[PDB]
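Per the working numbering, the very first residue in the sequence shown carries number 1007; after that it's consecutive. Ideal Cβ placement from N, Cα and C applies to all residues, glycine included.
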Amino acid sequence: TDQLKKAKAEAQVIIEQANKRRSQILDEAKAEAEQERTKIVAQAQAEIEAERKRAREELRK
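Following this line, the structure appears as structure tokens:
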């Protein structure tokens, strides 16, 4: 029937939209994870440099 054909079409849209949404959410999660990893690594680098500076300060006191 035409109602069954409409239903199948809607079903396909639902499946395609769910897949697309998950891809979008995953893409955003990855972008956010990268922003975070960059900040964490930068913070660690700063701590490394700070310790070297402090060590040098103590040695020349």
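Per DSSP, reduced to three states, the secondary structure at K1059 is helical.
Collapsing the DSSP output to three states places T1007 in coil. In this structure, the CA atom of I1046 is about 12 Å from the CA atom of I1054. For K1067, the three-state secondary structure derived from DSSP is coil.
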